[PDB]
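*Asks:* This is the structure I have questions about; it appears just below.
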Amino acid sequence: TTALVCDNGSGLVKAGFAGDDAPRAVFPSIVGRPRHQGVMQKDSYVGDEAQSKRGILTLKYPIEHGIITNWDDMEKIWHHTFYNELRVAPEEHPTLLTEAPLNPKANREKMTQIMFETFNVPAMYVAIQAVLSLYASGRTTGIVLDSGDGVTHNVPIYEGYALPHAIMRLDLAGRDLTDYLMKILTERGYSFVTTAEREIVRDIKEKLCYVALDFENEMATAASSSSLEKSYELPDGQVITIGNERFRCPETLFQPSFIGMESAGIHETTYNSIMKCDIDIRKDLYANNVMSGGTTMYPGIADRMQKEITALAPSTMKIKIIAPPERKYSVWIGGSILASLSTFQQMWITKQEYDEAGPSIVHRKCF
Amino acid sequence: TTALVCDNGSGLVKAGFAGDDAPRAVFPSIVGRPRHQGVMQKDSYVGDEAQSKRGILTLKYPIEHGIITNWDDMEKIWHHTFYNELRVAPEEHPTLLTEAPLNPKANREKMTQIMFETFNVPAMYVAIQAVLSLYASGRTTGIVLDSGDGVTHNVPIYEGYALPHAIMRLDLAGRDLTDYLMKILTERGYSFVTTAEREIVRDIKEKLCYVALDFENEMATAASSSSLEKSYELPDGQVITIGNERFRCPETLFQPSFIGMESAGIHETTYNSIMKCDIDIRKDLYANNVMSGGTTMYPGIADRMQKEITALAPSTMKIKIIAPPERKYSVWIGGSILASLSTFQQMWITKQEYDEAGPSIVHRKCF
Amino acid sequence: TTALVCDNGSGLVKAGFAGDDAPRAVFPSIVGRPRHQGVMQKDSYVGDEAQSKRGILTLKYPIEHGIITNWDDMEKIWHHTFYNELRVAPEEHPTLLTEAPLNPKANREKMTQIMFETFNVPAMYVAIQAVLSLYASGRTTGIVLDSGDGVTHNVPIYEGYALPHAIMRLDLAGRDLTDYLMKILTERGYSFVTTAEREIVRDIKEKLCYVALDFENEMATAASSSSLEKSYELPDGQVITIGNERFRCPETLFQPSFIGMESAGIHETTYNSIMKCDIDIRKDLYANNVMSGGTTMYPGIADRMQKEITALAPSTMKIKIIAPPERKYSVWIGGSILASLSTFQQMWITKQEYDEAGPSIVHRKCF
Amino acid sequence: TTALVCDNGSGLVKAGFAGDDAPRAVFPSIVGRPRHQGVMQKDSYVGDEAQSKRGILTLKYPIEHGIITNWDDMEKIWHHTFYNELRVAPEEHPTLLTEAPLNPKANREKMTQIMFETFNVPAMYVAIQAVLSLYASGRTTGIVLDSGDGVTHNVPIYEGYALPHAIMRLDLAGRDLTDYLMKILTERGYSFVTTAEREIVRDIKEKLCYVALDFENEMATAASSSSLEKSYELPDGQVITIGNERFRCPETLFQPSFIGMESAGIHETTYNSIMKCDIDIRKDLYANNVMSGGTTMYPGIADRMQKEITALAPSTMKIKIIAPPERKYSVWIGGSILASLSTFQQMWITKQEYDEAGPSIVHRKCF
Amino acid sequence: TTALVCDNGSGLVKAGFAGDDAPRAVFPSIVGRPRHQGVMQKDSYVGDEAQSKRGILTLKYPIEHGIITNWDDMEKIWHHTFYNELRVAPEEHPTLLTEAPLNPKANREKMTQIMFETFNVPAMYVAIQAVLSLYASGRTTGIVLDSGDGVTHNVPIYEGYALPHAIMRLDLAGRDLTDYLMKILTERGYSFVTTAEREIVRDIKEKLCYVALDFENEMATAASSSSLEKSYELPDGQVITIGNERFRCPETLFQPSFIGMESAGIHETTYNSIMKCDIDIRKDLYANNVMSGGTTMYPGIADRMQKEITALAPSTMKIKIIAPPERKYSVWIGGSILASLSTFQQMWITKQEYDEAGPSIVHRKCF
Ligand SMILES: Nc1ncnc2c1ncn2[C@@H]1O[C@H](COP(=O)(O)OP(=O)(O)O)[C@@H](O)[C@H]1O
Ligand SMILES: Nc1ncnc2c1ncn2[C@@H]1O[C@H](COP(=O)(O)OP(=O)(O)O)[C@@H](O)[C@H]1O
Ligand SMILES: Nc1ncnc2c1ncn2[C@@H]1O[C@H](COP(=O)(O)OP(=O)(O)O)[C@@H](O)[C@H]1O
Ligand SMILES: Nc1ncnc2c1ncn2[C@@H]1O[C@H](COP(=O)(O)OP(=O)(O)O)[C@@H](O)[C@H]1O
Ligand SMILES: Nc1ncnc2c1ncn2[C@@H]1O[C@H](COP(=O)(O)OP(=O)(O)O)[C@@H](O)[C@H]1O
Ligand SMILES: [Mg+2]
Ligand SMILES: [Mg+2]
Ligand SMILES: [Mg+2]
Ligand SMILES: [Mg+2]
Ligand SMILES: [Mg+2]
């Protein structure tokens, strides 16, 4: 049987069969529960059902910053992924799961236990997202800036060797930019407070927000013109209108101090990840920055990333930012390649081998 | 045995057997007592007998604004409902009673005690009228504007969940419009003063009154034409003739300030009930306004309700007012459906369980 | 023992035993005393003896307008009623006496005292004449126009409830029409002056007088033809001849201004009695006008009464005047029914109860 | 010129000049017409002339229950008010007329037309009687119980705002108590029947009748003593003597069921008028009951009114009944104040403005 | 001249002169307008005048949730604050205004424009309420839980640095607890509906309501004893009696789900505000919770707040809740300190500087 590839991100579940070139099931990775008692019935809703029904539900994300915080809701979301969205018996297919680097070891151990004991999967693996995202680009060398809903991380790879000491990780990604857009929308007098209202602010961010190429020149232009200012229609048909908020939101990727986060931005953390590498590989990394995940989808993000890294880099270096179309799925496409390589079929952790060695056996290639 | 469904409204008793699609007994819910001593004998008359005999009687309504104010007259009206109008032993049939939301808890408790101890009913329930009225329409989602003789209330329901915080209630309905029509009839020189004369003014209201689509354009037209002006023949064969009074009466549903009532009208209280709901359900509520009860029967009431809510609503929303024929009975038809559902037979409060838990057990699904 | 029923009217005593359908004793209710001394002996004559002997007597009526004005003559007339005309021991039979409404309370009290202390009657009652007259018709609803020798009164009754506030009473009846016929006979040159001559004018009225259907068309016809003109033979065999006097007399029932009486006529007082009633009963009263007593016996009185009330009534109403044959006795026939009802035997005022409670006990159902 | 103030009540015309503190002309408001033809001449008499001459006249009141029922007799009574009793050219003085609340609109319209077109008055107003009666007391807040010959009405006013929804009106006042005293006088054997005899019964009521503080204790005392029993001398010098009739008459203000009137009495209608008001003003109304008009003049009426309202009121409230001396004129004194206020001269409806706007302009402050 | 300090809260205006230790003017911040037309005059009433007169008025609050929704009513309330309650020329005194955090920027801009252009104030500032409330306590470090009529917000401050990212704001405060107490009073059969009746429910809440230390043990005790049950006398002297309603009301601060509000309660939002802070300051915040504003005045609120935060906190931490007497004014007392500091006189926005820089200049220290 062909393998399942389940990217299982913190803000979308992306799942499908290895060798397909887009995921079959892509759904919100939310569990919702009724706020109000029924008078007229399903206790909880998962994914797109909890989006369609979201006004009456509190929405929980069981994954935050790539760490599974509620396990019973994650077992619901996996159960729906296999039985309802893929419509597959999971005990017949090896499943390539996926994780961020530098997660707690217990997160991978308890995930592996749930796969072998609840779902009875025959064989399993857990890849690092930014390794897979490099397979999707075809490259063997590059520094992969992957930024999802939960985590941003740089993994530098050179000719197929990882550099574990150079892996950087930011707990700043799409959800922290939703939580910040809600605060700067509050300055126009738009108040969003419910978990179900944050799912509206997310669609605002996904439609209206872009990256300013020169932040303080856009701040001047929005302070002098309403050409930057656009409108958006709520599910109620009320119309909100937002201005410099359109680029002040993604700017928080480059100035995390906006959210009170003491950190380098994604430019300085990418340059620092490059600078922790040996001088000889550094030129090959500069020419192969690979962007992936949804938070790299903002209009003009690569165009500014190139000009910030060019400003940090020594001026002889060619800086190139490889941000392909469909970089939103490149972690899943990379896993869909990997799971179908003949060289990889050696690496599946088999059920027998997990019954033998226990949860020790799961970190054999782990960061 | 099949259940009894007793809508037991403040201005009509509607009662029958579950699974029938119209009530058997529909009678005025009045107790009358002789004003004059007999010289020529029944101490009190109930319902249609107190209408036929009404000239010699003072008529009391034992229910006002959905609250049972005289219990001995309510025990008379129930006794006649069971033994004379349905001709049924009540101790053999479970009875679905009915109530407005936000009534005093003691009203339901003392009603339940009278059913279990006087009439010895085997099992009982008390539904909210606007839940039932949604079952009658078949819909699982909508905002139900129910307006009887005593109470107007909006109950919003979304996919079978109630939203208790959004339930609105107006103490303004058909009886307050009778009491106001008597005052504006007094301007033509028609004086109605007796309780038995108000039962004439009620039939005037039920026959001649309609809703003006543009109130101040009808007020101009009645100020310039006698095409709006109609006549009506009293029980004495005297002829009265009424003009802008025909629409100034129901207008008090939309401008309660006419009766010195500080309130939103039924349009603004329906829109406010919609606006207390989460933005996601709001579009589904706008398309499913359900009208019910007798005070929604005026010609053109839905046609104006649609155009007032369209004026408050944001202009992208489809506004639809589902006002079916027989909406005068839809509370009873809803209860006649509910009482016959297999899923509902779990919910009957049994006599044994009331002897066990006391009047605590009666509010388990209550607003 | 069976009860005595004594109608004891102001111009005839009608008396008999309950359950008979005509009175046994019907006699003039007159006491006469010799005008001239005897030379050739009874001091006073009562009833038919004072009619046979009337030329030598002054005739007194002890009742005027239903009020007993001379009590010693009323005790004579009762004594003759019991001992000579019925030939009954009064102390063995309960006696249903009778009265007009709105009489002085003392009239009923002193009548009751005379029955309990002179005649020693065991039990007694005093009914209102127009209640009894409705029992005679069998009806439970109607407005009873009773017109005797002394009083005209309307009592409206609806389904066995009296309406005390709507009871009307006219001090205009058969004796005032005798006194007016004597004045308009004086215009033909016939002078009647003695009390014994008024008993001739009464028989003229009872034989020749009728009700004109259109008074001023009969006045024209009598002014142009002697077809309306009839003759009558006195006890002396002298012949008098009377013309428009035949209908100008009863017309005084409809235009009391002829006798200088400021009043509505019997049509307008019947319509006014109907109009003091609640609108709901009014239609049932219009269809059930019941005529009774001797002054309703004129030819064509119901035929004009119907056409005057039809002229006052609103044109949709059915007006019907129930004037049966034997309406001259219907007060007595009603009392003869009432006294024989089992439900009524509760109501006799017993001698013991009068000795206990005094003359307070006599007005328990009184107008 | 100073204004005329014409209270124009249903049982007295009270008229005078604004700024005087008692009316000049106070006369019966009666038109009388000869019952009998002249043989020895004025066709009709008005006011005090129709009282002095009343034995030969039928007396009509052109106003009944505050509604002008005969307009030609009302134009006679106004003509005599201006030309004979005030001796004034009406076309030189603005006239403050007066009305009850809740009268037919046509009554005020036809009154205004008669003033502008027959009498040619320059400017006119029509005040509500119970507003004026509050100006007479000086108070800005209170509930005014005004009871005349035709109407009783409560108008609650709080700090100079009327509460139209709380205005109560009873068609029960001094004339209905004359018509009831004639019926209970008939129980002593005194029969009053002529319109001119009712003007005797009125003076009996005005002299002998009082309010019992505890009705059934006075009924017991009159049933046991002749200390409550007084005598009165007719215009014929005949002496009548009346007992519990002295207080059973005014008691009909508190138990209207005595006249077959289904209603609250003046205590319960005053308390109900207070209870239709918002809770915050209610304490200020309880302390400021203002009595006015002639039917409040009975000895002890305020003393019982205070003790009935104290019995209905919640026991913490101070109840005070402000019944001043000269409350018989306080409607006219209030109008005499109002007409002389500078702030009021804005409000006169001018002849020019009535020719412009028609009878629409007359209800600008109307109930 | 000394500065004015105007706290200008959503439910009270508190105003005075800097350096005084209690405000001079404290008044309701209400504008009321007559519901009824005058017949006997001020178009609108402000503050304590609209409380004294409230029965006849609709009351509007121009501030809701700290946002000024009606500007013309806010200009009335400021005009009365300066000219009538303080009796001061505002153009001679710099005025420290005040605001909640995270308000719309336009609210502060339009407030500043009204001060500089209508009232012509020479210099102005707008402080954050929870900064001021810390100055009142004297502390330089603490987390300030301020809860007024409109907003609850936590502002954590450490040694005089704010932590903008940790500022939490709840749209749940005293007015939402009045609106909820009206709904749970409706369960005893007490219906409060008018805006003027909500001002009665507010005084019920302020007198009878307290915080249960163990909510479900008080719910059991009130379900078993009437020792928790107290009575209160309306302005009408009617007596209402309320039981578990006394603590179910304030419990909505801790379980907002009672009002259908998806939120943490004030305990969990205070703990979450502490947890968004860096670990080193967290111990210093736990020992310095500062309570302020009126909704913290309930008996026992600090005693439960301490025991909920102790339950969330890690057990080694000292938790202390600094809830001083007069915490109801501590925002104003803090502003009265701040306005008198010499170091602060640098910070006044001068009129000249506002004419120069425009409404940009107003957010220089803003959240
Ligand atoms: N086109 C877009 N523009 C901006 N942001 C986006 C876009 N698509 C997704 N995002 C944001 O990125 C996150 C989803 O990224 P994704 O890579 O799907 O996450 P995951 O790795 O959890 O699947 C969300 O925060 C979403 O708001
Ligand atoms: N066809 C009609 N048109 C207008 N009003 C009506 C009509 N039918 C009933 N009503 C009014 O509505 C009330 C009766 O409504 P209903 O729904 O039967 O009340 P309940 O819920 O008490 O049974 C009465 O006030 C009646 O006057
Ligand atoms: N057939 C008749 N036609 C006209 N008048 C009659 C007739 N019979 C009796 N009356 C008159 O009516 C009165 C008697 O009526 P009646 O009902 O017998 O009186 P009472 O009620 O006193 O018995 C007398 O005035 C008599 O003249
Ligand atoms: N002193 C009095 N005692 C009792 N009743 C009186 C007195 N004065 C007048 N009335 C009665 O009140 C009515 C007159 O009241 P008034 O206020 O003058 O009426 P109007 O408002 O029509 O002028 C009449 O019915 C009269 O009988
Ligand atoms: N002693 C008290 N007990 C309970 N609640 C109170 C008390 N005093 C005021 N409140 C409530 O708190 C709010 C007023 O708080 P306050 O701090 O004065 O508000 P603002 O910040 O708007 O001035 C009102 O809702 C009032 O009902
Ligand atoms: Mg991902
Ligand atoms: Mg109903
Ligand atoms: Mg008779
Ligand atoms: Mg008057
Ligand atoms: Mg505040």
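Following Swiss-Prot, chain B shows residues 7-46, 51-377, kept in their order.
Method reported for this entry: electron microscopy, 2.9 Å.
Placed from the backbone N, Cα and C atoms, the Cβ positions cover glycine too.
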*Asks:* Looking at B:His75, B:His90, B:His373, which residue has the tele-methylhistidine feature per Swiss-Prot?
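*Replies:* Swiss-Prot records tele-methylhistidine at B:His75.
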*Asks:* Out of B:112-125, B:238-251, B:252-265, which range is noted as region 'Interaction with alpha-actinin' by Swiss-Prot?
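*Replies:* Swiss-Prot lists region 'Interaction with alpha-actinin' for residues B:112-125.
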*Asks:* Of the ranges B:31-43, B:152-164, B:360-372, which one does Swiss-Prot flag as region 'Interaction with alpha-actinin'?
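*Replies:* Going through B:31-43, B:152-164, B:360-372 one by one, Swiss-Prot flags B:360-372 as region 'Interaction with alpha-actinin'.
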*Asks:* Taking DSSP states H, G and I as helix and E and B as strand, how many residues of the region 'Interaction with alpha-actinin' (B:360-372) are helix, strand and coil?
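*Replies:* Final tally across the stretch: 12 helix, 1 strand, 0 coil.
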*Asks:* For the C-alpha pair, I'd like the distance in angstrom between B:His75 (tele-methylhistidine) and B:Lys63 (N6-malonyllysine), rounded off.
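*Replies:* The Cα atom of B:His75 (tele-methylhistidine) is 25 Å away from the Cα atom of B:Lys63 (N6-malonyllysine).
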*Asks:* Before the 4 missing residues sits B:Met46, after them B:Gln51; how far apart are their C-alpha atoms, in Å?
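*Replies:* Result for this gap is 9 Å, Cα to Cα.
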*Asks:* Looking at the modified residues B:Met46, B:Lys63, B:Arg179, whose Cα is closest in space to that of B:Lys86 (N6-methyllysine)?
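*Replies:* That would be B:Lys63, nearest by Cα distance.
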*Asks:* How many neighbouring Cβ atoms, not counting its own, are there within 10 Å of the Cβ of B:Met46 (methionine (R)-sulfoxide)?
*Replies:* 16
*Asks:* Helix, strand, coil residue numbers for the region 'Interaction with alpha-actinin' (B:112-125) per DSSP?
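*Replies:* So the region 'Interaction with alpha-actinin' (B:112-125) is made up of 11 helix, 0 strand, 3 coil.
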*Asks:* Filter the modified residues B:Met46, B:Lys63, B:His75, B:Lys86, B:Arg179 down to the ones with a Cβ under 8 Å from chain C's Cβ atoms, keeping sequence order.
*Replies:* B:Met46, B:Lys63
*Asks:* Can you tell which of B:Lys63, B:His75, B:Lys86, B:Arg179 has the most other C-beta atoms within 10 Å, given these are the modified residues?
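*Replies:* Neighbour-count leader: B:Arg179.
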*Asks:* If you run the three-state DSSP split on B:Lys86 (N6-methyllysine), which class comes out?
*Replies:* helix
*Asks:* B:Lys63 (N6-malonyllysine) to B:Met46 (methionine (R)-sulfoxide): how many Å between their Cα atoms?
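*Replies:* So the alpha carbons of B:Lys63 (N6-malonyllysine) and B:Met46 (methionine (R)-sulfoxide) sit roughly 16 Å from each other.
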*Asks:* How far is it from B:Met46 (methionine (R)-sulfoxide) to B:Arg179 (ADP-ribosylarginine), counting Cα to Cα, in Å?
*Replies:* 48
